Protein chains: 2
Amino acid sequence: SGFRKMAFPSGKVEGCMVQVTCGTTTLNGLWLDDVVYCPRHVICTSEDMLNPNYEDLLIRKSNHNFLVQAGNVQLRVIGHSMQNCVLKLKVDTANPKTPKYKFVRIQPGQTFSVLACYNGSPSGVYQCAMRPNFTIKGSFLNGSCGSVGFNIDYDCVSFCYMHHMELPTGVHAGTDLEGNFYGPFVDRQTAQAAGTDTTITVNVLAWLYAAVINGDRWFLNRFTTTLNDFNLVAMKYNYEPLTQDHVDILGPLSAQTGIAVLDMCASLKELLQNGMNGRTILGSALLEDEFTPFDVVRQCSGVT
Amino acid sequence: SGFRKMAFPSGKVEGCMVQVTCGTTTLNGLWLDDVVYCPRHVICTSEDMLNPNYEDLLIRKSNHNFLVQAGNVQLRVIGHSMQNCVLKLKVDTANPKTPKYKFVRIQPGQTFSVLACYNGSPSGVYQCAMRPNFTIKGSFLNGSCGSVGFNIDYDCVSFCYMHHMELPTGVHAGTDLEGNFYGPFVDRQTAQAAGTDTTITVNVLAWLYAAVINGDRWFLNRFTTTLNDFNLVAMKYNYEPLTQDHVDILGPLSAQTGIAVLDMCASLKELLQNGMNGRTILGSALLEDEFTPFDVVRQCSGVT
Ligand SMILES: *CC(=O)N1CCN(S(=O)(=O)c2ccc(Cl)s2)CC1
Ligand SMILES: *CC(=O)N1CCN(S(=O)(=O)c2ccc(Cl)s2)CC1
């Protein structure tokens with residue numbers, strides 16, 4: 001029993017983190033096989049960052065200008081290329097700790113673990129979600145760029161995020177490992193505002209199921225609703241619309257608890273309209289939306 | 001910017017987790033040098049657990065009855081001893097992944113990371129605190145016993161907790177790595193109730209400093225207070241008394257923010273008396289108390 005915001009064990013990702021320096025800029029790289037992936041803004045002088053032309057800046061850079069350090073040992077850069085907003089630094093040594101891995105692009109609402117790094121060195125691990133506005137609410141200081149987000153399926157690390165920047169509002173933006181930003185963001189120091197950070201309804205419902213499984217039941221009520229009725233309430237409270245696809249994904253939690261998804265929708269509806277009245281659910285005073293249905297099943301069943 | 005509940009990177013601890021089986025009971029062990037540490041209740045039949053005499057049960061156990069598996073490889077047990085509520089299984093092979101380590105006994109209010117394991121395999125990492133009633137609020141299913149809590153100082157893992165049991169109230173109890181329970185708990189299936197789970201005041205104050213550093217400032221007010229005045233309010237709200245020692249520990253956060261500790265005490269006093277009024281601080285609707293002053297300085301300064 002108990003339900004915690006839980007990150008994947010980070011060891012397989014710790015073994016991939018390196019330091020990348022170009023000129024006076026130091027940040028993190030991800031070493032998989034004989035390629036080091038890092039944000040392309042490693043080539044920018046803070047002056048460059050206001051209106052950088054990355055193809056033009058990159059012309060002034062040679063392999064020997066990219067300093068790649070794995071622990072206290074230098075790696076030899078034998079090639080470099082730009083793919084979207086990341087650099088691929090080809091090195092002469094395959095990472096001997098390379099795990100089984102994939103590059104995936106996640107959808108809003110999907111959760112992942114972040115291994116926050118500085119100078120190629122792991123500092124902490126925490127759980128994030130891709131927000132509906134394609135930001136993440138992270139913990140990233142200068143030096144953390146190139147830190148990565150990931151999921152693990154048994155022994156295969158799916159890399160989904162690389163950290164690139166902080167918006168003036170202190171929320172975070174980055175890329176998949178193909179260098180494509182999530183959302184409309186660009187690696188330039190310019191006016192970039194986030195859209196509405198709506199609540200991930202399906203994740204809230206998952207977490208209410210987690211609460212019932214863990215003995216927190218006070219918010220269960222005598223009501224049901226319909227997707228259309230619920231969605232009117234969701235819209236009013238800046239919750240994501242619930243689709244039949246989300247109902248289908250919650251089916252295993254419905255089955256385990258014997259609470260119909262639309263009944264749990266009606267519980268959530270009353271919580272939105274009535275508030276918590278100073279009560280808590282799984283130690284929270286607000287409705288948690290950074291657990292996916294899959295996360296809840298994982299944690300409630302002890303998958304390794 | 002941003003402030004997340006952050007665990008230590010788990011890799012150094014992942015390399016220490018093994019499976020221990022005695023009879024039909026499987027749980028986790030910690031392999032450091034040539035010793036495997038595990039909960040002594042691994043020797044109990046669920047029947048035994050109601051009123052176990054561990055010295056008497058242990059007489060019926062030989063080295064060859066303790067099955068220790070590190071990944072898919074069996075370790076040879078060449079000795080066993082009981083220290084308080086843990087078994088030490090001497091094995092013929094030093095763990096080649098043994099990190100620098102210490103065994104520490106923590107005090108209430110201290111935070112640590114837990115690597116939740118099943119069958120010797122890491123499932124997740126999360127951040128906990130030793131509660132003032134010597135429970136922890138964990139996430140532990142059957143099979144998770146022997147999972148450990150830890151802090152890291154650069155390259156040295158301080159092991160502070162091993163998981164042993166869940167109370168009927170779904171909160172958790174365990175031992176230091178010398179096998180001494182935190183608090184009054186015993187490894188027996190009996191009536192064990194937790195005392196008052198008071199709020200860790202010094203940790204709340206640390207987190208309010210974290211909030212100011214991260215731009216969440218709405219709760220700062222025009223007031224100050226005294227330790228004695230504050231403590232009257234703390235007592236009423238089931239907060240731990242604040243001592244001068246806690247004020248001293250908050251000195252670096254005071255200095256960075258220019259907010260006197262007693263002023264931040266007066267802000268906290270108003271939050272207790274007035275509530276949050278539906279507002280949030282660092283994405284929380286309740287006052288977070290599982291960040292130590294040291295955790296806040298670590299995360300706000302990017303230590304690795
Ligand atoms: C995004 C990131 O982590 N970066 C590494 C640090 N650099 S920088 O140009 O060296 C600095 C800019 C602000 C400070 Cl403080 S250091 C930016 C990219
Ligand atoms: C505390 C722990 O993780 N343990 C391992 C599992 N055993 S057991 O006796 O095999 C079981 C008791 C309940 C279930 Cl379900 S399995 C208890 C100790």
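The analysis underlying the following values was restricted to heavy atoms, covering all of them including side chains, and did not include hydrogens, waters or symmetry mates. Chain letters run A, B, ... following the sequence lines, proteins first, then strands; residues in each count from 1.
- Residues B/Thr111 and B/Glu290 bring no donor and acceptor atom of their side chains to less than 3.5 Å of each other.
- No side-chain donor-acceptor contact under 3.5 Å links B/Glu240 and B/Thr201.
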Worked verdict on B/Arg131 versus B/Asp289 for salt bridge (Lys or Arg N to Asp or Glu O under 4.0 Å): CA-CA 10 Å; B/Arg131 302 310 309 179; B/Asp289 80 337; 2.8 Å; yes
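- Residues A/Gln299 and A/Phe291 form a side-chain contact, since some pair of their non-hydrogen atoms from C-beta on lies under 4.5 Å apart.
- Atom-to-atom distance recorded for B/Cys265:SG and B/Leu250:CG is 7.5 Å, nearest 0.5 angstrom.
- Residue A/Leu271 holds its CG atom at 10.5 Å from OH of A/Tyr237, rounded to the nearest 0.5 Å.
- B/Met264 places none of its side-chain heavy atoms less than 4.5 Å from the side chain of B/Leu253.
- Under a 3.5 Å cut-off, the side chain of A/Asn28 and the backbone N or O of A/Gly143 do form a donor-acceptor pair.
- A/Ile281 and A/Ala211 get closest at one heavy-atom pair: CG2-CB, 3.5 Å.
- A donor-acceptor contact shorter than 3.5 Å links the side chain of B/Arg105 to the backbone of B/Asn180.
- Heavy-atom minimum distance, B/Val212 versus B/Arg217: O-NH2, 2.6 Å.
- The shortest heavy-atom contact between A/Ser301 and A/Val303 is OG-CG2, 3.3 Å.
- Counting only distance, with no hydrogens or angles, the side chain of B/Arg4 and the backbone of A/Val125 share no donor-acceptor pair below 3.5 Å.
- A donor-acceptor contact closer than 3.5 angstrom links the side chains of A/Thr135 and A/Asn133.
- Between B/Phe3 and B/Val296 the shortest heavy-atom distance is CZ-CG2, 3.7 Å.
- Of the possible polar contacts, none joining the A/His163 side chain to the A/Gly146 backbone as a donor-acceptor pair under 3.5 Å is found.
- Heavy atoms only, all atoms of each residue included: B/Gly174 and B/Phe181 are closest at O-CD2, 3.2 Å.
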Kindly determine whether A/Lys102 and A/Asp153 satisfy salt bridge (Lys or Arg N to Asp or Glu O under 4.0 Å), including the steps that lead there. CA-CA 10 Å; A/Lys102 290 174 182 199; A/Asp153 186 337; over 6 Å; no
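- Judged by distance alone, the side chains of A/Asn238 and A/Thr198 never bring a donor and an acceptor atom under 3.5 Å apart.
- Looking at heavy atoms from C-beta onward, B/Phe8 lies out of side-chain contact with B/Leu115 at the 4.5 angstrom threshold.
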Please assess B/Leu268 against B/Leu208 for the test side chain to side chain contact (heavy atoms under 4.5 Å, CB included), listing each intermediate value before the final yes or no. CA-CA 8 Å; B/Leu268 174 52; B/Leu208 288 177; 4.0 Å; yes
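- Between the CG atom in A/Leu141 and the SG atom in B/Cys300 there is a gap of 7.5 Å [rounded to 0.5 Å].
- You'll find the side chain of B/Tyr118 stays beyond 4.5 Å of the side chain of B/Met17, heavy atoms only.
- Between A/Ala129 and A/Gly109, the shortest heavy-atom contact is CB-O, 4.5 Å.
- Between the side chains of A/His164 and A/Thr175, at least one donor N or O sits under 3.5 Å from an acceptor N or O.
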With side chain to side chain contact (heavy atoms under 4.5 Å, CB included) as the criterion, how do B/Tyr239 and B/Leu287 come out once you've worked through the C-alpha distance, each side chain's angles and the decisive distance to 0.1 Å? CA-CA 11 Å; B/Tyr239 271 57; B/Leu287 305 181; 3.3 Å; yes
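- Tested against B/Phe112, the residues B/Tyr161, B/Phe159, B/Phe150 include a single ring-ring contact (aromatic ring centres under 6.0 Å, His included) partner, B/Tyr161.
- Side-chain atoms of A/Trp207 never come within 3.5 Å of backbone atoms of A/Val202 as a donor-acceptor pair (strictly under, hydrogens ignored).
- With rounding to the nearest 0.5 Å, the separation of CG in A/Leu286 from OG in B/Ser284 is 6.0 Å.
- No donor-acceptor pair closer than 3.5 Å links the side chain of B/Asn151 to the backbone N or O of B/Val157.
- Side chain to side chain, A/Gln110 and A/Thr292 fail the donor-acceptor criterion of an N or O pair below 3.5 Å.
- For B/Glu166 (side chain) and B/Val171 (main-chain N/O), no donor-acceptor pair under 3.5 Å exists by modelled atom type.
- The closest side-chain heavy-atom distance from A/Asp176 to A/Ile106 is not below 4.5 Å.
- The backbone N or O of A/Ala210 sits less than 3.5 Å from a side-chain atom of A/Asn214, completing a donor-acceptor pair.
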Applying side chain to side chain contact (heavy atoms under 4.5 Å, CB included) to B/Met6 and B/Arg298, what does each step give before you reach the verdict? CA-CA 10 Å; B/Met6 193 178 277; B/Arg298 188 169 321 100; over 6 Å; no
Give the intermediate values and the outcome of side chain to side chain contact (heavy atoms under 4.5 Å, CB included) for residues A/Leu167 and A/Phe185. CA-CA 9 Å; A/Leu167 299 187; A/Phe185 301 113; 3.6 Å; yes
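- The main-chain N or O of B/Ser123 is never found under 3.5 Å from a side-chain atom of A/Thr304 such that the two would form a donor-acceptor pair.
- For the pair B/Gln256 and B/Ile213, the minimum side-chain heavy-atom distance is below 4.5 Å.
- If you check the side chains of B/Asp245 and B/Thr243, you find no donor sitting under 3.5 Å from an acceptor.
- Residues A/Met165 and A/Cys145 are not in side-chain contact: their nearest non-hydrogen atoms beyond the backbone lie 4.5 Å or more apart.
- Side chains of A/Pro39 and A/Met162 form a contact here, defined as non-hydrogen atoms less than 4.5 Å apart.
- Cation-pi check for B/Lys5 over A/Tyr126 is not met; the charged atom does not lie both under 6.0 angstrom from the ring centroid and within 45 degrees of its normal.
- Side chain of B/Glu14 to backbone of B/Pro122: no donor-acceptor contact under 3.5 angstrom is found.
- The distance from the CD1 atom of B/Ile200 to the CG atom of B/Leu205 is 12.0 Å, given to the nearest 0.5 Å.
- The pair B/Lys12-B/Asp155 does not meet the salt-bridge criterion, since no charged nitrogen lies less than 4.0 angstrom from a carboxylate oxygen.
- Atom SG of B/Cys128 sits about 6.0 Å away from atom CZ of B/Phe140, to the nearest 0.5 Å.
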